[PDB]
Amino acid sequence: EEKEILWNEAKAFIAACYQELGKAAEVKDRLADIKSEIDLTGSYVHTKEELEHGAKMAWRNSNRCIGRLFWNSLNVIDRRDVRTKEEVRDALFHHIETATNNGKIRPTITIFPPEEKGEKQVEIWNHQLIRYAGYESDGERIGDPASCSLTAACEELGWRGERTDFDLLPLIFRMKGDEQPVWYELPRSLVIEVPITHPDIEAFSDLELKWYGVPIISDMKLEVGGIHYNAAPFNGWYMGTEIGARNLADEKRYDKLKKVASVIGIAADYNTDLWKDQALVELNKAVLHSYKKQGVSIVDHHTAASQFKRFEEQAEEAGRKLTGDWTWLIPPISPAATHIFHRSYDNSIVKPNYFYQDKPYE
């Protein structure tokens, strides 16, 4: 069955990929080559062109992503050649550096060797390459609660966090054949962070908030033509709401709205005062202001939705069906001020795509 799944996915992908690349006549010969290779080896190897366009298609097909207008400019780094943990580590450090690009963030994916028999070659434990640790003991909460389980797993492996609210987690990944993952501390010179200040409210700096510049999702599987690249970290730039309306605002994350209300000088006593809503707006203004002031790329949800409208128009004009997840595409503040809120989207799954996979901790 598994070979048949591979071949079917391969045929669909090569046909579509080569159509898009004007390579349509080459399909027949390529598929034969692939067919032989699957027969003989149990798998097949993507050309560099296939891998690159595959990763770009996968982004284009990510229903939950509002940033898809820019799918065709994804910077694809082919690291199928890595064999050692030092090579993996250095490839991850390199991804951080080149994606960060001194603040002018470059959307990038680094692709490691794919699963073989469903056997991973490299297993990345981080949710994002750069993320803050979380701790909870004896009613005492420090840092990012969403990182508690991974932080605990790291501290099993000999790492120790400083227990600041913003400890950078080490990179943590396991190689095929190894029983335990290894971990490496992130060089601070590689990691851009932005202090949060407000354009008009000087007191806002009293909250001592900061966030990291580049969100690099490192625990999803890229699937292309039936090949499973479980290790393939990718990044864009942030939409400000991800930081201001969720990471710093959710009760189960940094939970800062009451403190924000206090520094902006409003009471946090009555639901009818909409103090949470006002605090959310000021916090979100502060996030955008701060990233802009430091020269780190970011987009606001209005501009992002306008770009997404262009993606919709481009899809139509190219004759491609659009898919989307309305529940993720709407921004978490003022969603009815965007066109997204007022239309519907077909949530069908099209491949290539990025998929969730089980965590090796938990």
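For every residue, the number given is its place in the sequence shown, counted from 1.
A summary of the deposited B-factors shows that, of 40-48 and 57-65, the stretch with the larger mean C-alpha value is 40-48. As listed in the deposited structure, the average C-alpha B-factor of 238-246 and of 169-177 is greater for 169-177. As recorded in the PDB entry, 29 shows the highest C-alpha B-factor of the residues 300, 325, 29, 312. Highest CA B-factor among the listed residues (187, 213, 233, 195): 187. The PDB entry assigns residue 139 a C-alpha temperature factor belonging to the highest third of its chain's modelled residues. In the deposited entry, the Cα temperature factor of residue 13 sits in the top third of values across the chain's modelled residues. Compared with the other modelled residues of the chain, the Cα B-factor recorded for residue 73 ranks in the middle third. Per the PDB record, residue ranking by Cα B-factor puts residue 159 in the highest third of the chain. The entry lists a Cα temperature factor for residue 128 that places it in the lowest third of the chain's modelled residues.
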